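Consider the single chain below, provided in structure tokens and representing the form deposited in one PDB entry.
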């Protein structure tokens, strides 16, 4: 009974196997397997009937490491075999594990394991259980691990892993052994859209930054893996306008000029070389490249896995339901989920929060704010363009992200009142400094926390908690957990007990939502959308946080090791296209839904 993961549309997306026990009838056990146990220790005081008799009481229970309880579970976990498919050497390997299933474990100590195994094999021979022929064959046999994957997550990988890693982080490995059916809030259609939007958007950034050369040269093709619809290939012949490449299935393909002409060489983030004029400028024979076929598989193109990373998080602003989550370019690259674990600075993307606090004090979007030079101790917060617009409306100050106005508003609204608000918005106390730079978007945040914050605007001023579990059923069919979330608007559900806490005045949240809608309509065929771009120092991060009354989406683009994305790569350039693509498709065929 594995841990089962479902989307909100009843689709089984992942299965997590825990502690495994496959009981077998004693008479079904190969005699050599019993012999391997009998030879595993020099002396039994319980040729020797008694140990065989007492072995039958433990044979399906013995902890053999790596979640294996009993001989059948070990045969499955280690070799993906039935006990009847095991070789003498593999039987001797398993029989050496009861004593210390870590010291003699073949996964952790392969040397120490073979030492123990060969000793048992030698003893099986001395005891007459095996012939010298069987013995020589078995000692020469390598470890031969064929460990099946028991963590099945090949449909919506980020969504599946979110469940396993969270249960394990909070409740440890026993959470998987439970055999529970976890019904998530994940919308499979929206999840599929998000995965494609992040892939396309990262590839769009990547391509405009240029060809970075083959990922490897003169390395074995078998050491590479396909992912994100990219297939490792080896360059075998280079011509003037085309090249030949060897695939992982042994077939040779040809890439025509049209499939590689895009390859202007990357020089740095703000520079690409001249458009290629010959295939020899792009590839060398023995290069390990990535290719992509078309739908028919009649044509192939030279592609590139982006070095840049990204994420997308989409929540329901009324209850905090996580509808879609993408934590990187592709889950094969690494299990790392940037939506939940990726601490980055939010930049201008934090301003709607602070400005909503100014609106709380009695200001209006039209209220005049002062964009002039300022000082705190010695520090001078300067504007992006080194310009000062003087007295301007609050809404224009926000749209143009004026840093002196922000610092001035922080002084008006007080640091602590803002820190408490950032905390109400979802933000971590420890990650929020007790200084004036917070008005700038200096606190490190998680994209999920930003989504929670933007939901306050979409919902009318309420604090919602992001959640991914709708219900949990036991293996026997009983509902053991039903989500009871805090709702911003209870009448809104029935287009439910817990009412969410109001963290912002209704009028301030509504005003900020409309400023955000005006911002998105001065920088999809929809009129119910609002949003804010963000970019950090030296374009180390590109953000877009936006919403409608039914859905909040936060997109991020950047390198894991903070490096410039490029002079031209503002939040509005790199993150915004991902947001648009997802939102346009996720909201296609839904009526206008404002605050």
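Numbering follows the first chain given and starts at 1.
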Coordinates absent for residue 67 in a third or more of other entries: no
Residue 47 unmodelled in at least a third of other compared entries: yes
Residue 296 to residue 297: deposited residues without atomic coordinates: none
Absent coordinates between residue 523 and residue 524 - deposited residues affected, binned into four classes: 4 to 9
93 to 101 or 185 to 193, whichever carries the higher mean Cα B-factor: 93 to 101
Entry-level comparison of average CA B-factors, 202 to 210 and 415 to 423, reporting the higher stretch: 415 to 423
Residue with maximal Cα B-factor (values as given in the PDB entry) among 349, 154, 311, 109: 109
Selection by C-alpha B-factor (highest) of 281, 431, 261, 507: 431
Ranked C-alpha temperature factor of residue 8 among modelled chain residues, by third: lowest
Where the record places residue 385 (Cα B-factor, split into thirds across the chain): highest
Ranked against its chain, the third holding the CA B-factor of residue 18: middle
Within-chain third of residue 541 by Cα B-factor, per the entry: lowest
Modelled-residue ranking by C-alpha temperature factor, third containing residue 144: highest
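One more form of this protein should be noted, the form deposited in another entry, which is absent from this view; the next part is about it.
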Point of rigid-part switching between the shown form and the other one, i.e. the hinge, among 307, 61, 394, 257: 307
